[PDB]
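# Residue-level structural notes
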Amino acid sequence: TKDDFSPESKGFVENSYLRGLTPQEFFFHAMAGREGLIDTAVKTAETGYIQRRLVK
DNA sequence: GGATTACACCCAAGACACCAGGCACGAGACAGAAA
């Protein structure tokens, strides 16, 4: 429902991996994992440029 | 306005002066013409 600030409504996975994730928790956890992948794949180039400038 | 934005490796696939038009050499066929 609209205007719901409960923990389960904004991405709190109550279960464990052994117990299994409900579809909403699955989607939120997928969003977080996608953010992690993007952050890695983006910061690697910036770090490479910084190290090249330092070495030069 | 200018300059620069990680490293290495693999494979596959599609494009890369085309052309047209005016000038030359050789040849040959079907029609001329004397007999």
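Scoring rules and cut-offs
- Per-chain numbering applies: from 1 upward along each written sequence, possibly unlike the entry's numbering, with residues missing coordinates excluded.
- Each chain gets a letter, beginning with A, and each ligand a number, beginning with 1, in the order they are written.
- Just a portion of a larger assembly is displayed, and each value is taken over that portion.
- In computing side-chain properties, one takes all heavy atoms of the structure into account and sets aside hydrogens as well as water.
- Strands here are runs of E lasting at least two residues and helices are runs of H or I lasting at least four, both read from the DSSP assignment and numbered beginning at the N terminus.
- Note that the radius of gyration is over C-alpha atoms, with the globule rule given as 2.2 Å times the number of residues to the power 0.38.
- Burial here depends on accessible area, computed with a 1.4 Å probe over protein chains only, as a share of the maximum for the residue type. Under 20% is buried, over 50% is exposed, and the range in between is partly exposed.
- Only the protein chains shown count as covering a residue, and every accessible area follows the Shrake-Rupley method with a 1.4 Å probe.
- When charges are counted, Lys and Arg contribute as positive and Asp and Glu as negative, whereas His and the chain ends are disregarded.
- Taken as the charge location is NZ of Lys, CZ of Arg, CG of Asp or CD of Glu.
- Any residue with at least one heavy atom within 4 Å of a molecule or strand is counted as near it.
- Residues are grouped as follows: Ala, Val, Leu, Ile, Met, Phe, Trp, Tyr, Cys and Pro are nonpolar; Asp, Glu, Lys and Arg are charged; all remaining types, including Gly, are polar.
- Like charges are joined within 9 Å and nonpolar side chains (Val, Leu, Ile, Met, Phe, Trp, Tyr) within 5 Å, but only among residues with over 30% relative accessible area and no salt bridge; these make up the patches.
- Each salt bridge in this description consists of a side-chain nitrogen of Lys or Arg and a carboxyl oxygen of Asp or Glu lying within 4 Å of one another.

This entry, as listed in the PDB, derives from cryo-EM and reports a resolution of 3.1 Å.

Chain A carries the name DNA-directed RNA polymerase subunit in the PDB entry, which gives Komagataella phaffii as its organism. The record for the entry shows the title "RNA polymerase II elongation complex containing Spt4/5, Elf1, Spt6, Spn1 and Paf1C".

Moving on: the overall build of chain A. Of regular secondary structure, chain A possesses one helix and zero strands. A compact globule built from 56 residues would reach a C-alpha radius of gyration of about 10 Å, whereas chain A, at 18 Å, exceeds it by more than 25%. The principal-axis extent of the C-alpha atoms belonging to chain A is close to 55 × 30 × 15 Å. Here chain A holds 56 residues, and the buried ones make up 4% of them. Here chain A has roughly 5500 Å² of accessible surface; of this, 59% comes from carbon and sulfur atoms. In chain A, 8 positive and 8 negative side-chain charges are present, and the distance between their average locations comes to 16 Å.

In this fold, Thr 22 is placed in the segment before helix 1 (23–55). Residue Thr 22 is classed as partly exposed on the basis of its relative accessible area of 30%. Remark: the alpha-carbon pair of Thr 22 and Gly 11, spanning 11 residues in sequence, is separated by 11 Å.

Looking at DNA strand B, the residues that line it are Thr 44, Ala 45, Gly 48 and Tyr 49. Among the atoms of DNA strand B close to the protein, meaning within 4 Å, 30% are from sugar or phosphate groups. Looking at the surface near DNA strand B, its residues break down into two nonpolar, two polar and no charged.

Judged by side-chain charge, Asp 3, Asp 4, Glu 8 and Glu 14 come together as a negatively charged surface patch. By the element assignment, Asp 3 lies in the segment before helix 1.

Glancing now at unusual backbone geometry. Its identity is not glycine, yet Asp 3 carries a phi of approximately 55 degrees, on the positive side. For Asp 3, a relative accessible area of 74% puts it in the exposed group.

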